[PDB]
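Worksheet for the structure shown next.
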Ligand SMILES: CCCCCCCCCCCCCCCCCC(=O)OC[C@H](CO[C@@H]1O[C@H](CO[C@H]2O[C@H](CO)[C@H](O)[C@H](O)[C@H]2O)[C@H](O)[C@H](O)[C@H]1O)OC(=O)CCCCCCCCCCCCCCCCC
Ligand code: CLA
Ligand code: CLA
Ligand code: CLA
Ligand code: CLA
Ligand code: CLA
Ligand code: HEC
Ligand SMILES: CC1=C(/C=C/C(C)=C/C=C/C(C)=C/C=C/C=C(C)/C=C/C=C(C)/C=C/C2=C(C)CCCC2(C)C)C(C)(C)CCC1
Ligand SMILES: CC1=C(/C=C/C(C)=C/C=C/C(C)=C/C=C/C=C(C)/C=C/C=C(C)/C=C/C2=C(C)CCCC2(C)C)C(C)(C)CCC1
Ligand SMILES: [Cl-]
Ligand SMILES: [Cl-]
Ligand code: NA
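Protein chains in written order, with our numbering: chain A, 96 to 125; chain B, 688 to 1129; chain C, 148 to 174; chain D, 67 to 310; chain E, 14 to 110; chain F, 269 to 304; chain G, 262 to 298; chain H, 70 to 403; chain I, -19 to 117.
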């Protein structure tokens, strides 16, 4: 159960990487 | 437009003052070489091994075969003095040319003579200066061929009888050998060119290099770059600086490993034993000590189940046990007489270990390249007493530091050259920002 | 001493700067 | 012709026992009024079989195959000893000395590592009687000693050992000590194994012999910590004979 | 039932006297005349059923027999303990300084 | 296992070739200011 | 040890190796004369 | 519009969400190899005989590790510096036992980070930037080369490289100190000064800038909405900042050229981390930290201990215990 | 505590005569020991044979005794094994073997007494640390 927990949190972090790069609030100028 | 701290960048298009800087600087190198040798010799004591004595330059001369005899004993120190004095004397000629060209002499050459005048963007002039220097280098590699073959030879740690100066009669010319070294893996057991272990191959290699440098020297004088080269490179003073910095850095990292692993052209009689050598020597020291007491070294099971004194490598060769199982690729003239074709030979070990080999193993084990920065010999926990840092550690560490910083210099100047060559080394033109004309990424 | 000779050399350099700056030379 | 180190290094041939030509079908005769030695005995395993445990009771498990995970580090070699002629004409080899042990670990299906001390230590092996000649039908059978895989100074990952180390689970200071006794008190096993050497090649000119071997011995018991497995080793051998 | 055999041994004469059947060879340095020559011989020829048996080792100079005689009271003999003699541990038991 | 070795030797050669020829295809000219 | 006839110069040679370094120092003396220009 | 030329134009496009480039052509596969082998090994690799003594060390989660204690374990001392790709092993079971995954990961990873660095130069060139950000990154990259490659080369074994695990890291830095007295090595001391110093100036610059933001918002709104991406005027007043810090210390110990200030920010930690990378790299050749063991004694010759000897006692207990089964001889010479 | 003559008084021979060294000799001994010997014997141990140290008690039970200036000076001329049974100049530095151990070449007879004297005084100053090894560092 602890192995499932460590790997699940890691996988959630990798998923958040994906959204934060490809689905970010785009920076716009002035 | 340079500040005082980038002041030598003001020399870039001042061919005359730049010549004086290079030549003054070359005197500094010949000066250190001359003074340092005289410093070393003044301090030398011949009853002591060179490597108990902080010497780096004398070991280089001894290795060319001057001043030494069988087994590395120094016979004559006069060749050491002469080498020092001549380097030192010649630094002043170089000094002289360097200050004259740097101060009084013409600020720029191309007005005084079209031969010695150069422009960095002149691809033919530059490759022709390259070619002259290639031939000079070619000559230099052959001078060592000539020392080895016609003027007394070289110290051969592998000679029978403890090593000796030996004239090299049949240098290796076979390109499968000479150029096979360039194709060997750098990983353990292979060692790339660092594994060269006989003088025939070293002298062979230099016949080859000297010919190739002359070949190529002549090539670059007679040619100009082809379009594929013209479009691939930056053609500027800074960009050529950056290229040579790459090559010096590469070259220094090779030097570092050379002096750390190779005991042929860095003989251990002079420079001390290698790390691997000293680790092997200890297993030898205690194998001798215990077998004399009655131990059957080949049958002694150690705490792990592996042989206490002798185990097998992963491809099966019989090797020394303990942590030194890592060092089984070691090859040394004191050790090789025990090697049979399956690795170390238990009948030779039982029967044929000589006193000189006992001596060598004891010596090298107690002169392992481990020491503090303030020259306390041994592991970090040893007390004061032994004033000793192996010349190998000093030579390996100095050149790693230098190799590293020249690689940084290479990135620095190469990126700057690219940037200057395209017109934005001084920053981004506000009225014309590239990114402002590109579409957004999202 | 060695402090004698190393002082004779250590002074050589700054002496060259001095002499020029006094007698306005191309520094 | 024999090779040099530089020829062999890194090939794995160093881990291989000498072979005899398949013509070598001679016989080597034995003068009971002479004494002989084995100048070199080489044993080279090729197969490691482990005995399984079949849960029930009246089924008896089989020997199953394993994978070697410790590379070309398996051969015994440079073994020597007296080769004797007994009253009745049987021959007895007596191991004196040699590289007579190699640690090995093979891996069973399911990824269990099985470590063992492959060995012929203290090998005493003997033929039938009335030999009079070593032939391609001669069979040695003998037993040897299997000492403990670790010797007495070996420390487990908590610093526990037999001639050295802690005598308790110091990480569990007020834990019930009886349930850890088997893990706290290290024991040094010493068992016996059996071996058969089947000679299939004899070079009467040179006193060299070669053949096949099968030995049985126990695996590592981790200083009494768990029960050992039964191990069967198969391979080839070479031996050179000499007048004393 | 599970005992440490090394610890049990330290409660026999092995823990007070040089054990001719078990003690590492470096203990013969504690008495003069013994190390390395005789020590080599005693260890090679173990085991011994009695302390006196050391005198019957073949090759003993009559001077050697007297250095043993002088020292017999520092010797003893207990059952060979496998854990102390396997591994060549009588030649090197992994203790240096 | 040997098949594997082949596959990796080929993969690597292919990417290194890409790299070398990529930088020989006029790489100084690929900037936003001065192309030559 | 140096040869006998140069014995005299021994303390000079103990100081020579260091002189290349003294040139670096000297460039900073010089720049202090001209006001790091 | 030739096939090769369209390709070359995509590789170097500054329109790709992530820049690729020629250095990226090597970086993407080498880092995907390292990453995929790391994750799989951290989760499931079986135990590895790191020190050649047939004493395997469990590094992975399914074998009873947690996130802190798990590692990819370095390859076996038996291999030393030998190259151990998969195809040199008789099987993957052997390759796993002997630590092959670590060699695969560290080599791919070193290459790919080397190319990360070039990639950083490359995009700066395509965007019309100055080039030297990659020189800043060279200090960590140098540090990674030091503990994964150089230090093993010099000690003879990838088994003395740094494990890829949190506790493995601590093992390696504990044993480093017993064998090299790195605390007493000056290049590590500059590294501390490089890293303590950069943390300090990080906070200084970010506190001083934050202290001199210009009022653009109300107390109901984040001050950050005072700044709009790409606005042309500065968002703080650097003279108010100079005037505060110059009075906190004195005028000339404060900057008021922002270019010199940011170069100083860049250079202090980069240089200090170069040195500590050099320290690990030169201790690879056993040119160890200062040794002041028994340097102070009295008129009779008694040792008078200093803190250096206390450190040595500590170092000794580290020395005599590491790899406790691994040494048959009295000197741990490598 | 200071380097007083009581501490500087060492046996000269087995008959228990004594000899008192100057401070100069003591420091000469300490210099020569570092030059010619510490590489193996730093601390009074023996790096290449730890089973044998320079504690005075070990020297006392060496055959020929070596807990005195004579035995020690002799040992530097003609080393033997601990039981005195075989000469080991082939493999231990000595005047008899200075052909092969060149640092022994320029050691005068007084040098040998300072070395011997240093070895007998040092355990008096440092106690268990001399010959003790790392346990006592
Ligand atoms: C992310 C953003 C960017 C997008 C990226 C693009 C996405 C692409 C992502 C793909 C990555 C996929 C993940 C790869 C998993 C690695 C699989 C592996 O290691 O798989 C290996 C498997 C496993 O092997 C088995 O491995 C076992 C190892 O067991 C271990 O594992 C067991 C548990 O499994 C037990 O614990 C056991 O005890 C333990 O020892 C045994 O050794 C078996 O004998 C052995 O067969 O092998 C096999 O059968 C496999 C076949 C190889 C056989 C050899 C033939 C040669 C074929 C080579 C093909 C090369 C590939 C082509 C390259 C490209 C060319 C176009
Ligand atoms: C063959 C070697 C070589 C050459 C000829 C050059 C040449 C040049 N460099 Mg490059 N450089 C090199 C190697 C080299 N570099 C290396 C290896 C590095 C990495 C460190 C750099 C990093 C570098 C940077 C960052 C910059 C240059 C710049 C320059 C230009 C002006 C430099 C100047 O005036 O310095 C004048 C000299 C000084 C300011 C003194 C430096 C003092 C050093 C750092 C201290 C030495 C002390 C030493 C370590 C020992 C300590 C002991 C103690 C007694 C002091 C010039 C074209 C500049 C440039 O791009 O201009 C175009 C620039 O900004 N260089
Ligand atoms: C190897 C080191 C080296 C060398 C060879 C040079 C060489 C040079 N520099 Mg650079 N420079 C260096 C280090 C070096 N520099 C460092 C470390 C810095 C940072 C402090 C600088 C900063 C710097 C600046 C800011 C400038 C130069 C300039 C110059 C050139 C003009 C010198 C001049 O007119 O000064 C005049 C100096 C004097 C009149 C003083 C006397 C100096 C003499 C030569 C000392 C020699 C003493 C020696 C013992 C004599 C033996 C004589 C015997 C052999 C006959 C010259 C080619 C200038 C340049 O590029 O001009 C366009 C310039 O503006 N340099
Ligand atoms: C390192 C390269 C180098 C380069 C490219 C130059 C280039 C130049 N110098 Mg300079 N010079 C140099 C080194 C160099 N010099 C040195 C080392 C000194 C100090 C002695 C001088 C002193 C000097 C003076 C005093 C003058 C020049 C002048 C000139 C110009 C004309 C040269 C000419 O026609 O000579 C003719 C060519 C020859 C006589 C051929 C000489 C062949 C040599 C001797 C053989 C090679 C030596 C060998 C490689 C190594 C030495 C051996 C040793 C290892 C034992 C030209 C721009 C002149 C100038 O600019 O006027 C305004 C001028 O008046 N030079
Ligand atoms: C100081 C050394 C030196 C330098 C700086 C140059 C510089 C140059 N040469 Mg010359 N050359 C030299 C020595 C040198 N040469 C010698 C000795 C020879 C005789 C063999 C030649 C023969 C030669 C020919 C025949 C040609 C040049 C050309 C050129 C230009 C193109 C360089 C290029 O694209 O290479 C960059 C290299 C490549 C793109 C391919 C290199 C592949 C190598 C082998 C990979 C190895 C790297 C590896 C990681 C490191 C380990 C080594 C490995 C082999 C084991 C350039 C001006 C070209 C030119 O324009 O001619 C006029 C050309 O066609 N040169
Ligand atoms: C990691 C080190 C590194 C990095 C990042 C760079 C980066 C750079 N170099 Mg330099 N280079 C290096 C080392 C490095 N170099 C060395 C050691 C040398 C001397 C031999 C050179 C020689 C050199 C020249 C001659 C030129 C550059 C130039 C450049 C720039 C443009 C891109 C380019 O041509 O790269 C070229 C790439 C290399 C030379 C090799 C870098 C190695 C990378 C990191 C790995 C490549 C993987 C490899 C192909 C496969 C190996 C593994 C496989 C066999 C299993 C860029 C700033 C160019 C420029 O514009 O300068 C002004 C240029 O013309 N470099
Ligand atoms: C290694 C290269 C050594 C050097 C240098 C010196 N000694 Fe040594 N010593 C060494 C060994 C291996 C041994 C044991 C010899 C044996 O097998 O018995 C010794 C022994 C001694 C002893 C006797 C100690 C005892 O307890 O009886 C003495 C007194 C001794 N060595 C003195 C000595 C001196 C004065 C040295 C410098 C001139 C010296 N040794 C150097 C190894 C090495
Ligand atoms: C002497 C001797 C020898 C020999 C040696 C030799 C013979 C050598 C060779 C060498 C060689 C022959 C080398 C080569 C090298 C090369 C290199 C180093 C290259 C580089 C490259 C580069 C750098 C490039 C890059 C690029 C790209 C990729 C793209 C475009 C751009 C550029 C161009 C940059 C021996 C060992 C036997 C022994 C001892 C002695
Ligand atoms: C070989 C010989 C010779 C030669 C010599 C020479 C060549 C020398 C030179 C020398 C030199 C070349 C010198 C120089 C020196 C210098 C110095 C002495 C320096 C100092 C400096 C300083 C002190 C600094 C300071 C500062 C400043 C100024 C500013 C900034 C800050 C500072 C602080 C850095 C003779 C003749 C003797 C003869 C015999 C032998
Ligand atoms: Cl550890
Ligand atoms: Cl060991
Ligand atoms: Na003292």
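Yeah, the Cβ is synthetic: ideal placement off N, Cα and C, and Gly gets one too.
Nearest candidate by alpha-carbon position, reference residue i, set the options
{"i": "residue 1032(B)", "options": "971(B), 1058(B), 957(B), 1013(B)", "result": "971(B)"}
{"i": "residue 338(H)", "options": "102(H), 209(H), 135(H), 294(H)", "result": "209(H)"}
{"i": "residue 937(B)", "options": "1088(B), 999(B), 982(B)", "result": "1088(B)"}
{"i": "residue 96(I)", "options": "6(I), 86(I), 27(I), -5(I)", "result": "6(I)"}
{"i": "residue -16(I)", "options": "380(H), 218(H), 370(H)", "result": "370(H)"}
Integer Cβ distance of residue i from residue j, believed to fall under 8 angstroms
{"i": "residue 119(H)", "j": "residue 141(H)", "result": "At roughly 10 angstroms, the Cβ-Cβ gap does not stay under 8 angstroms, so residue 119(H) and residue 141(H) are not in contact."}
{"i": "residue 211(D)", "j": "residue 256(D)", "result": "6 angstroms"}
{"i": "residue 956(B)", "j": "residue 844(B)", "result": "6 angstroms"}
{"i": "residue 733(B)", "j": "residue 761(B)", "result": "5 angstroms"}
Euclidean distance between Cα positions of residue i and residue j
{"i": "residue 201(D)", "j": "residue 168(D)", "result": "29 angstroms"}
{"i": "residue 59(I)", "j": "residue -8(I)", "result": "18 angstroms"}
{"i": "residue 372(H)", "j": "residue 244(H)", "result": "27 angstroms"}
{"i": "residue 15(I)", "j": "residue 389(H)", "result": "29 angstroms"}
{"i": "residue 69(I)", "j": "residue 84(I)", "result": "12 angstroms"}
Proximal residues of chain I, C-beta to C-beta of residue i below 9 angstroms
{"i": "residue 402(H)", "result": "What residue 402(H) touches in chain I: nothing, since even the nearest Cβ is about 11 angstroms away."}
Partner residues on chain H for residue i, Cβ-Cβ distance less than 7 angstroms
{"i": "residue 301(F)", "result": "197"}
Beta-ladder partner(s) of residue i, from DSSP
{"i": "residue 276(D)", "result": "267(D), 304(D)"}
{"i": "residue 234(H)", "result": "140(H)"}
Beta-carbon neighbours of residue i, restricted to chain G and to distances below 9 angstroms
{"i": "residue 166(C)", "result": "Near residue 166(C) there are no residues of chain G at all, since even the closest Cβ is about 11 angstroms away, more than 9 angstroms."}
Chain E residues whose Cβ lies nearer than 9 angstroms to that of residue i
{"i": "residue 233(D)", "result": "17, 20"}
{"i": "residue 983(B)", "result": "101, 104"}
Proximal residues of chain B, C-beta to C-beta of residue i below 8 angstroms
{"i": "residue 78(D)", "result": "1002, 1003"}
Interface partners of residue i on chain F, CB under 8 angstroms
{"i": "residue 1103(B)", "result": "The contacting residues do not exist; residue 1103(B) stays about 14 angstroms from chain F at best."}
Within chain H, partners of residue i - CB distance below 9 angstroms
{"i": "residue 1058(B)", "result": "355, 356, 357, 360"}
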